[PDB]
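Since the structure comes first, as structure tokens, the remarks are kept for the end.
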Amino acid sequence: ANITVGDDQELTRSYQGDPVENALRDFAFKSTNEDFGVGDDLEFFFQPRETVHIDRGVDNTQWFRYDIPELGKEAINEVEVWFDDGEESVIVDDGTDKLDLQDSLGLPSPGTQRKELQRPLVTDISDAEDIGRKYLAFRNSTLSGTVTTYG
Amino acid sequence: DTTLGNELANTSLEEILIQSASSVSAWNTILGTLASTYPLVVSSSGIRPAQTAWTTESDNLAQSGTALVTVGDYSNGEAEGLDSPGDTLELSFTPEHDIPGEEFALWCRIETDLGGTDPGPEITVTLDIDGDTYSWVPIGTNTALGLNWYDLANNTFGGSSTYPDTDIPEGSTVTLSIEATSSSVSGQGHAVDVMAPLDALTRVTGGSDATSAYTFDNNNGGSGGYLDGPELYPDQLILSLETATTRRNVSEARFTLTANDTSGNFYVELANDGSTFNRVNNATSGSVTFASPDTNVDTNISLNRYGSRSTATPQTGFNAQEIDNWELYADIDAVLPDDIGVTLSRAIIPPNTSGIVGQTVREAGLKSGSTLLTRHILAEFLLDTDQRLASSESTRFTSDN
Amino acid sequence: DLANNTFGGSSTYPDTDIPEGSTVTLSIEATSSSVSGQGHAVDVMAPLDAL
């Protein structure tokens, strides 16, 4: 009853040695970016994100300190994934960040910044697309603010 | 923006192409591990049953001065009569597959002395495989045969030895010579009407003999006409193709193919579960709805003999059905939930799509029929000669407040 | 050649590979009476790689 997969689909990779937390994180990346963990009564859960609200919001009289960056140090805009026995490849390709670096800096061609990685147990190309998409997504620009309050 | 500025290529995301073949390496992938002896040819033109019997009208054999024989119940009205020592009849072929030696056979339709009682010559067969020569004596000095089909390889008729059961490799230049090695009782001729070296197909058909796979008919209508077989090709290859795999349920599937013919027992069979096959008969395109949605599609194909004729042997099955290109499509979700209020769209461009192969790609858009729903600029790339291109289009729904 | 050619014979060499360093033993045996003529006279025997 604690399991509510948002886009339930078959796995086409064998997860047979991954850390359990890393496998669950890949399933959440494949299905609706879900929250998972250990609750009260020590039950596991896996379910849709953003389900409850806290009515006592941090109003302007109720913060004491804040520190709110946009983190982009580790971002990149191309990943090439080798899969099969290293015998086929796929490039996952963010065109927006390449063009924005080009126009910003005045580069003669799109501002590619790459990672190469290899997953030699992946055989379904559409899983190697996931691997590369997941690598870009977890590195992307985000706000990651700290706010301090009391209750 | 109403439309893409010079659109190069367009593909559906209601259907996705889960399998295809159009080239030797693709066909060798989706056929799976066929044995080197299986009577199927993969080629730049398509996949086709192998020629598996040769069958030569006796007047079209290579000649060494043997006696011409004319009778109405001989095929084409005429046969060659083995008579004078060393008067070889010779036949050449190249097999499109490995023939296992324990089921090679040499059917000939043959008689002695216009149906007379008195023995023909003793006859020697030599089979030559690119210079490797195998020789045996199936017909003795004291036998006469009534007009019928006889295998000179696996049986003897007063002779001393059979074919030596050697395998014959694919693409080998194979030559037979059939020779009277000592003289006949009179100037009679041992009349051979038609020679048919073949694979007996007991590997493919559960019977112990070629009669289970070929027509050995023995009556042309007595008027200089022709026999119905042996037909040049196997009756039916029921090919089982490798599973078309999916992450998602398939509710219905559609196929398309190119073929030289679709007559007779030609069909395509599709299943969601590997056993409940639904059949489309005698068509190059078709659609199947499955009993319930399930994730992988299995396929079977039937390729057969075709053609009927009145001017040469064999009168039946002198052509075989070939498939040039194959495509299988399935009703699969390619627009997917991805987060709270977010969808991901995952269209695919097949690796050799004309109008975009060898082309620089610079923009993309989510679309529905003619109307463009979204447009994007892309960093330039060249879609090179073998590359699958696919989308990962996020569409987000959100408020201002 | 006896291995890949035959003269009224029942069977020929199946084309199996010979491993490096394997101990190969070759035997030629008569399996009928001769008609006359001191049999088949074996003058020179040469198992070989045809290259």
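For the structure tokens, the naming scheme is as follows: chains receive sequential letters (A, B, ...) according to their order of presentation, residues are indexed from 1 within each chain, and ligands are indexed from 1 in presentation order.
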- Taking the chain letters and numbering used in this document, name the residues of stretch 10-106 of chain B that DSSP puts in strand (DSSP E), as a ChimeraX atom specification. /B:15-21,40-42,47-49,56-57,67-70,78-82,89-93,104-106
- Residues within 12 Å of residue B:161, only C-alpha atoms, excluding chain neighbours under 3 positions, as a list in words: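 Selected residues are residues 123, 124, 125, 134, 135, 136, 137, 138, 139, 140, 152, 153, 154, 155, 156, 157, 158, 164 and 165 of chain B; 6, 7, 8, 9, 10 and 11 of chain C.
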Can I get the selected residues back with N, CA and C atoms, as a PDB file, in the first residue's frame?
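Saved result, selection_31.pdb, follows:
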ATOM      1  N   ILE B 123      26.661 -48.088 -65.240  1.00  0.00           N
ATOM      2  CA  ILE B 123      26.793 -46.623 -65.182  1.00  0.00           C
ATOM      3  C   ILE B 123      27.529 -46.189 -63.913  1.00  0.00           C
ATOM      4  N   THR B 124      28.536 -45.337 -64.091  1.00  0.00           N
ATOM      5  CA  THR B 124      29.341 -44.722 -63.029  1.00  0.00           C
ATOM      6  C   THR B 124      28.975 -43.248 -62.867  1.00  0.00           C
ATOM      7  N   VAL B 125      28.829 -42.787 -61.628  1.00  0.00           N
ATOM      8  CA  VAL B 125      28.625 -41.377 -61.283  1.00  0.00           C
ATOM      9  C   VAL B 125      29.887 -40.835 -60.629  1.00  0.00           C
ATOM     10  N   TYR B 134      34.473 -37.536 -55.872  1.00  0.00           N
ATOM     11  CA  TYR B 134      33.795 -38.649 -55.226  1.00  0.00           C
ATOM     12  C   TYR B 134      33.121 -39.492 -56.315  1.00  0.00           C
ATOM     13  N   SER B 135      33.444 -40.782 -56.451  1.00  0.00           N
ATOM     14  CA  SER B 135      32.896 -41.623 -57.537  1.00  0.00           C
ATOM     15  C   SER B 135      32.285 -42.927 -57.037  1.00  0.00           C
ATOM     16  N   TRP B 136      31.162 -43.347 -57.624  1.00  0.00           N
ATOM     17  CA  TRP B 136      30.454 -44.578 -57.259  1.00  0.00           C
ATOM     18  C   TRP B 136      29.694 -45.194 -58.441  1.00  0.00           C
ATOM     19  N   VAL B 137      29.328 -46.471 -58.323  1.00  0.00           N
ATOM     20  CA  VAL B 137      28.713 -47.256 -59.405  1.00  0.00           C
ATOM     21  C   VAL B 137      27.328 -47.745 -58.973  1.00  0.00           C
ATOM     22  N   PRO B 138      26.259 -46.959 -59.196  1.00  0.00           N
ATOM     23  CA  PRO B 138      24.920 -47.320 -58.747  1.00  0.00           C
ATOM     24  C   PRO B 138      24.204 -48.325 -59.655  1.00  0.00           C
ATOM     25  N   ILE B 139      24.546 -48.410 -60.946  1.00  0.00           N
ATOM     26  CA  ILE B 139      23.887 -49.309 -61.914  1.00  0.00           C
ATOM     27  C   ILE B 139      24.847 -50.409 -62.372  1.00  0.00           C
ATOM     28  N   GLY B 140      24.467 -51.672 -62.177  1.00  0.00           N
ATOM     29  CA  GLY B 140      25.274 -52.834 -62.575  1.00  0.00           C
ATOM     30  C   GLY B 140      25.189 -53.193 -64.063  1.00  0.00           C
ATOM     31  N   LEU B 152      19.903 -42.290 -57.540  1.00  0.00           N
ATOM     32  CA  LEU B 152      21.203 -42.894 -57.826  1.00  0.00           C
ATOM     33  C   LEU B 152      22.237 -42.683 -56.705  1.00  0.00           C
ATOM     34  N   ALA B 153      21.970 -41.846 -55.699  1.00  0.00           N
ATOM     35  CA  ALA B 153      22.912 -41.592 -54.617  1.00  0.00           C
ATOM     36  C   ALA B 153      22.759 -42.595 -53.466  1.00  0.00           C
ATOM     37  N   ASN B 154      21.586 -42.681 -52.831  1.00  0.00           N
ATOM     38  CA  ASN B 154      21.386 -43.504 -51.628  1.00  0.00           C
ATOM     39  C   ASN B 154      20.918 -44.944 -51.913  1.00  0.00           C
ATOM     40  N   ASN B 155      20.699 -45.313 -53.179  1.00  0.00           N
ATOM     41  CA  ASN B 155      20.311 -46.663 -53.595  1.00  0.00           C
ATOM     42  C   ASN B 155      21.111 -47.147 -54.811  1.00  0.00           C
ATOM     43  N   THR B 156      21.200 -48.468 -54.963  1.00  0.00           N
ATOM     44  CA  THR B 156      21.863 -49.135 -56.093  1.00  0.00           C
ATOM     45  C   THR B 156      20.939 -50.162 -56.744  1.00  0.00           C
ATOM     46  N   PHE B 157      21.136 -50.383 -58.038  1.00  0.00           N
ATOM     47  CA  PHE B 157      20.337 -51.261 -58.885  1.00  0.00           C
ATOM     48  C   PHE B 157      21.301 -52.190 -59.632  1.00  0.00           C
ATOM     49  N   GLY B 158      21.718 -53.257 -58.948  1.00  0.00           N
ATOM     50  CA  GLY B 158      22.814 -54.130 -59.375  1.00  0.00           C
ATOM     51  C   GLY B 158      24.219 -53.531 -59.236  1.00  0.00           C
ATOM     52  N   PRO B 164      29.130 -41.407 -51.133  1.00  0.00           N
ATOM     53  CA  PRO B 164      29.881 -41.553 -49.882  1.00  0.00           C
ATOM     54  C   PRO B 164      29.461 -40.588 -48.754  1.00  0.00           C
ATOM     55  N   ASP B 165      28.235 -40.064 -48.774  1.00  0.00           N
ATOM     56  CA  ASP B 165      27.653 -39.219 -47.716  1.00  0.00           C
ATOM     57  C   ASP B 165      28.480 -37.979 -47.300  1.00  0.00           C
TER      58      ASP B 165
ATOM     59  N   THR C   6      37.591 -39.950 -53.253  1.00  0.00           N
ATOM     60  CA  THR C   6      37.259 -41.374 -53.054  1.00  0.00           C
ATOM     61  C   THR C   6      36.885 -42.126 -54.329  1.00  0.00           C
ATOM     62  N   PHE C   7      37.181 -43.426 -54.324  1.00  0.00           N
ATOM     63  CA  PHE C   7      37.103 -44.318 -55.475  1.00  0.00           C
ATOM     64  C   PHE C   7      36.235 -45.529 -55.113  1.00  0.00           C
ATOM     65  N   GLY C   8      34.930 -45.456 -55.361  1.00  0.00           N
ATOM     66  CA  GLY C   8      33.974 -46.498 -54.966  1.00  0.00           C
ATOM     67  C   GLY C   8      33.782 -46.660 -53.449  1.00  0.00           C
ATOM     68  N   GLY C   9      34.406 -45.810 -52.635  1.00  0.00           N
ATOM     69  CA  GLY C   9      34.425 -45.925 -51.178  1.00  0.00           C
ATOM     70  C   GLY C   9      33.086 -45.608 -50.511  1.00  0.00           C
ATOM     71  N   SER C  10      32.942 -46.012 -49.250  1.00  0.00           N
ATOM     72  CA  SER C  10      31.721 -45.804 -48.462  1.00  0.00           C
ATOM     73  C   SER C  10      31.651 -44.437 -47.762  1.00  0.00           C
ATOM     74  N   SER C  11      32.791 -43.853 -47.376  1.00  0.00           N
ATOM     75  CA  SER C  11      32.851 -42.578 -46.643  1.00  0.00           C
ATOM     76  C   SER C  11      34.236 -41.925 -46.745  1.00  0.00           C
TER      77      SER C  11
END
Spatial neighbours of stretch 77-87 of chain A, max dist 6 Å, only C-alpha atoms, sep filter under 2 positions, as a CSV table (one decimal) with N, CA, C and O atoms, in the first residue's frame:
chain,number,residue,atom,x,y,z
A,89,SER,N,27.6,3.1,-29.0
A,89,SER,CA,27.6,4.4,-28.3
A,89,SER,C,26.3,5.2,-28.5
A,89,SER,O,25.7,5.1,-29.6
A,90,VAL,N,25.9,6.1,-27.5
A,90,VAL,CA,24.9,7.1,-27.7
A,90,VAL,C,25.4,8.4,-27.1
A,90,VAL,O,25.9,8.4,-25.9
A,91,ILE,N,25.1,9.5,-27.8
A,91,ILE,CA,25.4,10.9,-27.2
A,91,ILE,C,24.1,11.5,-26.8
A,91,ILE,O,23.1,11.5,-27.5
A,92,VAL,N,24.0,11.9,-25.5
A,92,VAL,CA,22.9,12.7,-25.0
A,92,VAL,C,23.3,14.1,-25.0
A,92,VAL,O,24.3,14.5,-24.4
A,93,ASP,N,22.5,15.0,-25.6
A,93,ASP,CA,22.9,16.2,-26.2
A,93,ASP,C,22.0,17.4,-25.8
A,93,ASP,O,20.9,17.5,-26.3
A,94,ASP,N,22.4,18.2,-24.8
A,94,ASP,CA,21.7,19.4,-24.4
A,94,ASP,C,22.1,20.6,-25.3
A,94,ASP,O,23.2,21.1,-25.2
A,113,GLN,N,30.7,20.9,-23.6
A,113,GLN,CA,31.4,20.4,-22.4
A,113,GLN,C,30.9,19.0,-22.1
A,113,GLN,O,29.7,18.8,-21.9
A,114,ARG,N,31.8,18.0,-22.2
A,114,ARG,CA,31.5,16.6,-22.3
A,114,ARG,C,31.8,15.8,-21.0
A,114,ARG,O,32.8,16.1,-20.3
A,115,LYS,N,31.1,14.7,-20.8
A,115,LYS,CA,31.6,13.5,-20.1
A,115,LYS,C,31.5,12.3,-21.0
A,115,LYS,O,30.5,12.1,-21.7
A,116,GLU,N,32.5,11.4,-21.0
A,116,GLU,CA,32.4,10.1,-21.6
A,116,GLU,C,32.2,9.1,-20.4
A,116,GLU,O,33.0,9.2,-19.5
A,117,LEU,N,31.3,8.2,-20.5
A,117,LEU,CA,31.2,7.1,-19.6
A,117,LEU,C,30.8,5.8,-20.2
A,117,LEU,O,30.3,5.8,-21.4
A,118,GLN,N,31.1,4.7,-19.6
A,118,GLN,CA,30.8,3.3,-20.2
A,118,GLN,C,30.1,2.5,-19.2
A,118,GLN,O,30.5,2.3,-18.1
A,119,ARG,N,29.0,1.8,-19.6
A,119,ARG,CA,28.2,0.9,-18.9
A,119,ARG,C,28.1,-0.4,-19.7
A,119,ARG,O,27.1,-0.6,-20.4
A,120,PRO,N,29.1,-1.3,-19.5
A,120,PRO,CA,29.2,-2.4,-20.5
A,120,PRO,C,28.2,-3.6,-20.3
A,120,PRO,O,28.2,-4.5,-21.0
A,122,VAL,N,24.8,-2.7,-20.0
A,122,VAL,CA,23.6,-2.1,-20.7
A,122,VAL,C,23.6,-2.6,-22.1
A,122,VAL,O,24.6,-2.5,-22.8
A,123,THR,N,22.4,-3.2,-22.6
A,123,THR,CA,22.3,-3.7,-23.9
A,123,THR,C,21.2,-2.9,-24.7
A,123,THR,O,21.3,-2.6,-25.9
A,132,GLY,N,22.6,8.5,-19.6
A,132,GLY,CA,23.2,9.8,-19.9
A,132,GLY,C,22.3,11.0,-19.5
A,132,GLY,O,22.8,11.9,-19.0
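With atom CA of residue B:37 on one side and atom CA of residue B:210 on the other, the separation reads 16.4 Å.
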- Query: Would you list which chain B residues are within 8 Å of chain A using only C-alpha atoms, as a PyMOL selection string?
  - Reply: chain B and resi 246-248+336-340+377-380
- Hey, can you check how far atom CA of residue B:388 sits from atom CA of residue B:260? 29.0 Å
